[PDB]
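Here the Cβ is made from the backbone with ideal geometry for all residues, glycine too, and neighbour counts use every protein chain on show. Just so it is clear, none of the values below were taken in a lab; they were calculated from the coordinates.
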Amino acid sequence: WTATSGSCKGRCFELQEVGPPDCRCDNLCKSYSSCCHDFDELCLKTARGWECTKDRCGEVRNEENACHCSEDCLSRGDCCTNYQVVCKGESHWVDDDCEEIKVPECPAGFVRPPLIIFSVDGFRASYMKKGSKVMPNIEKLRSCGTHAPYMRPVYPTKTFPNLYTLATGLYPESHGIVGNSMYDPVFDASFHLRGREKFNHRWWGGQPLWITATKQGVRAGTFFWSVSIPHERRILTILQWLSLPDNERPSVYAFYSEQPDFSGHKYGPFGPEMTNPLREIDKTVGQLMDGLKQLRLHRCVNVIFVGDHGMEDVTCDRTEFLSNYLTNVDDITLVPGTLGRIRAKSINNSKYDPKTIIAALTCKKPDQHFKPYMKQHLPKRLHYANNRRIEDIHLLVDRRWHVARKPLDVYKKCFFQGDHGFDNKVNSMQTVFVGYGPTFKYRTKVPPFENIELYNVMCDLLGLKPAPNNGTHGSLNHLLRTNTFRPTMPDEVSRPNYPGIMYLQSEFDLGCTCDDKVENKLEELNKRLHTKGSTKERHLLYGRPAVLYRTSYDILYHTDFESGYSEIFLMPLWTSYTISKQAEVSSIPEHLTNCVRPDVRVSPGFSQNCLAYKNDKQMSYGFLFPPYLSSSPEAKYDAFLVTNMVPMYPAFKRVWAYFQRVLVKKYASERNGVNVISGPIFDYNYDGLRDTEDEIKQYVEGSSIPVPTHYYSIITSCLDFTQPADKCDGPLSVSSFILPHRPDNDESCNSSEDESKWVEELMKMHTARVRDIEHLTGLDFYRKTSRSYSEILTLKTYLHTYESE
Ligand SMILES: *[C@@H]1O[C@H](CO)[C@@H](O[C@@H]2O[C@H](CO)[C@@H](O[C@@H]3O[C@H](CO[C@H]4O[C@H](CO)[C@@H](O)[C@H](O[C@H]5O[C@H](CO)[C@@H](O)[C@H](O)[C@@H]5O[C@H]5O[C@H](CO)[C@@H](O)[C@H](O)[C@@H]5O)[C@@H]4O)[C@@H](O)[C@H](O[C@H]4O[C@H](CO)[C@@H](O)[C@H](O)[C@@H]4O[C@H]4O[C@H](CO)[C@@H](O)[C@H](O)[C@@H]4O)[C@@H]3O)[C@H](O)[C@H]2NC(C)=O)[C@H](O)[C@H]1NC(C)=O
Ligand SMILES: COCC(=O)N1CCC(c2ccc3c(c2)C(=O)N(CC(=O)N(C)Cc2ccc(C#N)c(Cl)c2)CC3)CC1
Ligand SMILES: [Ca+2]
Ligand SMILES: [Ca+2]
Ligand SMILES: [Cl-]
Ligand SMILES: [K+]
Ligand code: NA
Ligand SMILES: [Zn+2]
């Protein structure tokens, strides 16, 4: 119930929402069927449209008009945005030359530059170039301010998950808005763009910017807008709020446009019908900037022009149907379209089998345009698992395609030519970022970055302390003239031990054998020096990683590699080695095929054992430093130390061996040397964070040797590839991966072929940021470089995507 019989007189677009059954006059009242009887009349004026004309100049104020051209309109804050242009001979903002904004130039009473966030739905990155001729206001913001060539959305590349990620700095698995529609099995309820369910605050986790601002005494405009409020009225409303008294005026404002997404769905991303919506959004930017310039705020406000995701060509005829794969298609519920999520139609059904559903969907047709995954097996870079609203079964759909349950679902809803929701690495899903104002840099291009980073920046722009989030604060300092944020390295929690030779061979009963008893004063001092860390500056180029949790570990030095060996997990946490452009690949000699050697620096009780591997018929082992890349036949013996061994499924060893034998050397050749840091990851509860020992669900049979869920590598070289990795004077270049440690290669449909036909494709799919590895390991990398910490934070957030240009 609402008693809608009160009035909006003097309350139009009030900032504080009043509680039922009192009637409302705020920008959301329409959506709730709760506005006062006179809201349309008083608050949604439309008479005479949105522009001043010559004949309206200096008119007698008529309070019925949409906006005003009367002399008193500047005082009242309610002129048409072009008033000064038409009636006072001023120029439109877009026609002014651009001039550096070195300091904020704000009216008296402004305590800080306001932030206006102008969000555009479906605004694909390449619109900036391709629509440049029809978007002069946007193109001015872009060339004069700070811009990226594109901004990476979060997965799924849908509207609500991305807008709410922009507001919170959180992955959708953390904020809870995991799709445009979602079912919560605990609420037994579904969230959709339509209807009232989305209104309940129970769906919306984290702390969005408006709440962060309010808690810290910074006032915030409403970020949600009722769809029927036209754009011109949203702009006028922002400009009116900006004219409020100092104690009442918000410092942060949001404008949202449903375009170009709305037309993009109908016409495709580059349909000829798309020119007009781009012109119309540009005109709305023009209105805002002219409006700001009238209020003398155009060199005071920081403006962010940001999109939520792009748009791809997608038609009804490119739909894969599940009824073409499954027989029990009526026992499932599918969230369809540009991603798939499958769950049981009934929870009272104990004969529903996720395993058999997955198998019936795997590599079934040679051209198949989707891939099924258990959610925990999805690429870690998607961060799309740790929420009860994400179904166990996930389908990653190829760009340009849809998935649906049955044909009747498509014709009983061709409508559409565009859609979005695909993997956030896809070029067509990339969106835009422009920042313009006194706190942003002038005429500056920044590298592409992820939208999860922007919350920290918007907090910096507002003098706010951000709530805990998934951004890496400091990684976008290079966007800002001032207000940076001064990041500092996390303190190391565990310091390493440096063990010497402490154990005789015969103290070990590891059930290991090696053919290594072949017997010089020149080269015995030499080997001693190597074990003490003589070559460490060659193989550890950026300092040892810091361990950020409490544990017991040893640094072990070798001629060819250095490692941080965990006495708790019985294996290295990290192994670091450099491979120069000139390095040679060798074989594992025949006599050394099954060689594993006790490490006399490490106790029998903190070592793995070969017997466990012999007894575990599913589990084999591999090595973190590859024996193929030994510097000499003598150094090769170090590669077979028990302290370099890790548990590996035979299926995974195919992947790993190819990476180590072929790919590392290829990268060293291409990049002029590489430094590699490799190691295990344990994430059995799929939360993206390092497992404690008591979370491990799988051990090597009859041992305390834990089985990794993933293996990582971070591959660093010089950005200036004329300099070798080990003698690099300037910025660095990195690519990294987090490979799932799986007992089959069901994910790679061509895995029956030679590794040269599928391994690198798998690794590319599982590309990662250094920061993703840091969360999963509790390690902190690049502790000792000649580069600024802000720069290193940018480096740690980089993702190598392997998309074309
Ligand atoms: C991305 O950034 C985010 C933000 O920093 C990181 O997420 C944080 O991760 C922390 C560790 O996982 C986590 O801390 C836990 O908080 C528990 C209290 O949580 C509530 O309060 C906070 C703060 O206001 C709130 O944000 C939480 O919101 C979640 O849940 C609501 C619904 O209740 C959702 O609306 C919302 O979207 C959000 O959901 C997400 O997080 C939860 C987990 O909290 C997931 O389950 C969801 O799927 C979704 O992802 C909560 O309202 C606190 O109880 C925990 O403490 C336990 O563990 C420690 C171990 O040291 C122990 O000392 C404690 O005693 C306690 O153990 C006891 O409880 C156990 C569990 O019930 C039990 O088994 C034990 O036996 C004990 O009795 C813990 O500190 C923090 O909440 C989230 N924050 C957010 C916003 O998600 C995220 O990790 C980053 N991602 C990456 C990859 O880096
Ligand atoms: C914790 O916060 C929850 C809250 O305060 N709520 C109260 C408001 C209620 C509500 C009420 C009414 C509506 C809508 C939501 C609603 O979604 N639309 C659609 C819509 O605005 N856009 C598509 C654009 C949009 C703009 C910004 C963001 C963001 N960040 C997002 Cl995600 C979307 C308009 C109608 C939801 C719950
Ligand atoms: Ca959208
Ligand atoms: Ca974990
Ligand atoms: Cl969805
Ligand atoms: K075995
Ligand atoms: Na396969
Ligand atoms: Zn859309």
Item to complete: Looking only at the range 223-269, count how many residues are within 16 Å of ligand 8 (Cβ to nearest atom) and either closer than 18 Å to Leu166 by Cβ or over 30 Å from the mean Cα position of the chain (by Cα) (or both).
Response: 6
Worksheet item: Of all strands (runs of 3 or more DSSP E) completely enclosed by the range 316-426, which ones contain at least 1 residues that are polar (S, T, N, Q) and away from ligand 2 (no atom under 16 Å from the Cβ)?
Response: 319-321, 332-335
Fill in: Residue check for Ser630: more than 16 Å from ligand 1 (Cβ to nearest atom), hydroxyl-bearing (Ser, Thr, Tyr) and closer than 23 Å to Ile705 by Cα
no
Worksheet item: If you scan the range 350-384, which residues turn out to be closer than 14 Å to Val403 by Cβ, basic (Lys, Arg) and in contact with a strand residue (DSSP E or B) (Cβ under 8 Å, 6 or more places away or on another chain)?
Response: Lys371
Discussion item. Can you go through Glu584, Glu567, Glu590, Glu562 and tell me which one is away from ligand 3 (no atom under 16 Å from the Cβ), on the phi < 0 side of the Ramachandran plot and buried (at least 22 other Cβ atoms within 10 Å of the Cβ)?
Written reply: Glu562
Worksheet entry | Residues of the range 157-188 satisfying the condition of being outside any helix (DSSP H, G or I), of a type in the set (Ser, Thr, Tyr) and within 12 Å of ligand 5 (Cβ to nearest atom) | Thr157, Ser181, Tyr183
Fill in: Restricting the range 161-181 to residues that are of a type in the set (A, V, I, L, M) and within 12 Å of ligand 1 (Cβ to nearest atom), the residue that is surrounded by the fewest Cβ atoms within 10 Å (Cβ to Cβ)
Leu170
Worksheet item: If you check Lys129 against the conditions, is it surrounded by fewer than 17 Cβ atoms within 10 Å (Cβ to Cβ), in a helix (DSSP H, G or I) and not polar (S, T, N, Q)?
Response: yes
Response to the item:
Checked pairs for the range 559-574, first assigned to a loop (DSSP other than H, G, I, E, B), second of a type in the set (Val, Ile, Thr), C-beta under 7 Å and 6 or more apart or across chains, list as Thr559/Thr535; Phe561/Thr575; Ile568/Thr551; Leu570/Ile705
Worksheet, complete the sentence: Of the residues in the range 13-29, those that are surrounded by fewer than 19 Cβ atoms within 10 Å (Cβ to Cβ) and either closer than 19 Å to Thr214 by Cα or within 41 Å of the chain's Cα centre (by Cα) (or both) come to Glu14, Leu15, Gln16, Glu17, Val18, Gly19, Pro20, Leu28
Worksheet item: What do you reckon, is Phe110 over 20 Å from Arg443 (Cβ atoms) and part of a helix (DSSP H, G or I)?
Response: no
Worksheet item: What's the number of the condition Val111 fails, among (1) crowded, with 16+ Cβ neighbours inside 10 Å; (2) over 30 Å from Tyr267 (Cα atoms); (3) of a type in the set (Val, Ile, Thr)?
Response: (1)
Discussion item. Could you go through the range 56-72 and let me know if any residue there is buried (at least 19 other Cβ atoms within 10 Å of the Cβ) and closer than 17 Å to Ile238 by Cβ.
Written reply: yes
Worksheet entry | Residue identified as surrounded by 14 or more Cβ atoms within 10 Å (Cβ to Cβ), away from ligand 7 (no atom under 16 Å from the Cβ), farther than 23 Å from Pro260 by Cα and β-branched (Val, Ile, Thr) among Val134, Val85, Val103 | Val85
Worksheet item: Name the residues in the range 481-504 that are in contact with a strand residue (DSSP E or B) (Cβ under 9 Å, 6 or more places away or on another chain) and polar (S, T, N, Q), would you?
Response: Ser494, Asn497
Worksheet item: Taking the range 24-37 as the region of interest, how many residues are within 16 Å of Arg233 (Cβ to Cβ) and in contact with a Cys (Cβ under 8 Å, 6 or more places away or on another chain)?
Response: 3
Worksheet entry | Of all residues in the range 603-656 being within 20 Å of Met763 (Cβ to Cβ) and of a type in the set (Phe, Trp, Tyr), the one that is farthest from the chain's Cα centre (by Cα) | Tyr628
Worksheet item: Could you count how many residues in the range 61-77 are under 46 Å from the mean Cα position of the chain (by Cα) and over 17 Å from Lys88 (Cβ atoms)?
Response: 2
Item to complete: Could you tell me whether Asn477 is buried (at least 16 other Cβ atoms within 10 Å of the Cβ), under 30 Å from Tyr802 (Cα atoms) and touching a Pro at 6+ places or on another chain (Cβ under 7 Å)?
Response: no
Discussion item. I'd like to verify a number: residues in the range 289-308 that are closer than 17 Å to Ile138 by Cα and either surrounded by fewer than 18 Cβ atoms within 10 Å (Cβ to Cβ) or within 30 Å of the chain's Cα centre (by Cα) (or both), how many?
Written reply: 8
Response to the item:
Restricting the range 698-727 to residues that are of a type in the set (D, E, K, R) and more than 28 Å from the chain's Cα centre (by Cα), the one surrounded by the fewest Cβ atoms within 10 Å (Cβ to Cβ) turns out to be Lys727
Discussion item. Would you confirm whether or not the range 227-250 contains a residue that is assigned to a strand (DSSP E or B), β-branched (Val, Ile, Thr) and under 22 Å from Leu462 (Cβ atoms)?
Written reply: no
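Residue-wise test of (1) under 17 Å from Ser630 (Cα atoms); (2) surrounded by 19 or more Cβ atoms within 10 Å (Cβ to Cβ).
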position: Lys521; (1), (2): no, no
position: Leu525; (1), (2): no, no
position: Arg528; (1), (2): no, no
position: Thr531; (1), (2): yes, no
position: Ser534; (1), (2): yes, no
position: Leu540; (1), (2): yes, yes
position: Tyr549; (1), (2): no, no
position: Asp554; (1), (2): no, yes
position: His558; (1), (2): yes, yes
Practice prompt. Tally the residues that are at negative phi and buried (at least 18 other Cβ atoms within 10 Å of the Cβ), restricting the search to the range 408-432.
Written response: 14
Discussion item. Could you go through the range 282-297 and let me know if any residue there is away from ligand 4 (no atom under 16 Å from the Cβ), acidic (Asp, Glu) and within 20 Å of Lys158 (Cα to Cα).
Written reply: no
Worksheet item: Residues of the range 208-221 being outside any helix (DSSP H, G or I) and crowded, with 20+ Cβ neighbours inside 10 Å, which ones?
Response: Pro208, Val218, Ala220, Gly221
Worksheet item: Does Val154 satisfy the criteria of being assigned to a loop (DSSP other than H, G, I, E, B) and either out of contact with any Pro (no Cβ under 9 Å at 6 or more places or on another chain) or charged (D, E, K, R) (or both)?
Response: no
Discussion item. Give me the residue from the range 754-805 that is acidic (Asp, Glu) and farther than 22 Å from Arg486 by Cα and, out of that set, farthest from the chain's Cα centre (by Cα).
Written reply: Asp754
Item to complete: Select from the range 251-266 the residues that are hydroxyl-bearing (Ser, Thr, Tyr) and not in a loop (DSSP other than H, G, I, E, B) and list them in ascending order.
Response: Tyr253, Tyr256, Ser257, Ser263
